[PDB]
Structures are given as structure tokens and as C-alpha cells.
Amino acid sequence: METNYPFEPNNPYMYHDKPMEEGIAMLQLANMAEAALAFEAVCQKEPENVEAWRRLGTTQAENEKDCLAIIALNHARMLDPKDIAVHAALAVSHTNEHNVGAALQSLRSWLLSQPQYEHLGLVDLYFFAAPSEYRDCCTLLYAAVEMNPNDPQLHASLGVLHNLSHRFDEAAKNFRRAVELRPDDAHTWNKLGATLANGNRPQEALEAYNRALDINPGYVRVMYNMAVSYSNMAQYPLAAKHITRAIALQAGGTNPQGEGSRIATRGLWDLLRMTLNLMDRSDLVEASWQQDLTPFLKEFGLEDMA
């Protein structure tokens, strides 16, 4: 139930002149690990900086660390409860962490914080695998779509909603509509991919994921999802290679020492270990326990760079 962000102690950005600009340059260079350290430094130096907390939060999600993402976005939300990108990110990370109620609440705050849509809050307004707020969210989002059908973000929010109710074929249509309206959005491509995989269409998901990687080559979360798709297809050696790549890039050689990274990296190593067991390669399992990348870089021909 942690509310304090566990800052990485190994952070050279704490003595950089311009960490915020560095972080944004690192995002532009597709380096999530470095961008997160830079935003962390900003959050330590300027704790009321809404943008630094928000960017730390979205960057950690992209770096496959939802737990840190949520803590960072929760700070951003405290400082500015109208920050709509904060609500959008929280709805996503909550959905991933199966916090269905928090995801519903974030979707509502996302819509109702928008001047375009806030009037919908004044409107006077089971057979679904969701709680009852889920029908309300449906009405609100469909009312918004009726007055503004070509807002891609309305479609993306329905996609999130339909994930929460395990309606993955519907979600996929939502995210398809969102990428049609905004095709350069790496996040939306990833969401379509995850939705297809969750709906047992890993071959289609891999297509979406390759689109997202084309846009953001450092999108560690997409690389994790690629491993998941291969794994669900029982293509264990390919999954093991992809997760190794995810791991390598998640660290980016920033060499983290903090408790935060300790727990957030473990789920990637867990997936590697399960893949190793399904490959009948128990001889590699102990290295997976010690989180030692070296034998995997060697094993999967990734010695050059991830």
C-alpha cells in the first residue's frame, strides 16, 4: 500500500544541470531507463513538479514497471487532480494490475476532467463480467462517442473498459479504431497488441507489436508482450530471446541498486525462468534466479546489444 516513491540511489542525474530536458531527450532517443532516472532526479529536486511525476509514471509503464508507474502517477494526481494524461495512464496500469475498481474510477476521472466532456457528469446515469460502475462507464463513454466520434482517445478508453470485462474482441475493435485515427501512437499499437494476445490472437498481436517498436524502438513493455505472445504460442526459445532483450534494455546498463527496481525487474526474470523450464533448460535456471544477464546474452546471440 506504498505511497512513497522508492527512488533509485544510483542516479547521476541528481547532479545534472538540466535533468528534465535530459529526460525528454532520452525519451526522444528511445531510452526509457535513462529517461526514468532523469525524471526521478526532477521529482527529488522539484517534488511539486506535476509534469516530472507524470513523465516518470508513463516512462515506468513503458519500461514494464507498473508498480512504480502507479506510485508516480498517484503523486501527479495529488498535485493536479485534473491532469487527464495522469488519469489515462492510471486506468491502463490499474487494468494491468487487475485493480478493476481503481481502473473504473480512473476512466471516469479521465472523461469528467475534460471540459469537452464534463457536462456528461450531470447526466442522470449483471450480464457483464464487471461490477455495476462498468455499466455507468459504458453509458458515459458511448454518450461521449456520440457527440465526438473521431476522438481516438474515446476509442482507446473503451478498449481499456472492454479489457476490464474480458471482452477482448470488442476491445480490439476499439483499439483498431483508435490507431486508424492516430496511427503514429506507439502506445495505442501496444494496447491493440496486448488486447489481441489476451484474446488468443498472438499472431495478430505480434503484428501490432512490431508497429509499436517501429515507432519506439526502446519500448520495453512491447518487448515483454512479444515474449508473452511467443510463450502463449509455445515458441519457448523465441520467447526466452525476447524476454532477454526486454531485460537488457530495461536496465540499459544504468545498473540499478534500489529496492524499486529489485521488485519491478523480478517479473521479467520470472517469465525467463518459466520459459527456461519449458525449454527443458534447468541448467540455466540459477542464473535466472541471480538475475545474471551474461549467460542469456551468450545463449540467445544478443552479446552485441540486447
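All residue numbers are counted from 1 along the displayed sequence.
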property	result
Interval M78-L79, deposited residues with no coordinates in the entry (none, 1 to 3, 4 to 9, 10 or more)	none
Higher-scoring stretch by recorded Cα B factor average, 112 to 120 or 151 to 159	112 to 120
Of 272 to 280 and 239 to 247, the stretch whose C-alpha atoms average the higher B-factor in the entry	272 to 280
C-alpha B-factor winner, where the candidates are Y209, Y224, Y230, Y126	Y126
Highest recorded Cα temperature factor - choice among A130, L192, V86, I71	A130
For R266, the third of its chain into which the C-alpha B factor falls	middle
Chain thirds of CA B-factor: placement of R54	lowest
Where the record places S165 (Cα B-factor, split into thirds across the chain)	highest
Record-listed C-alpha B factor of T139: chain third	highest
Within-chain third of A91 by Cα B-factor, per the entry	lowest
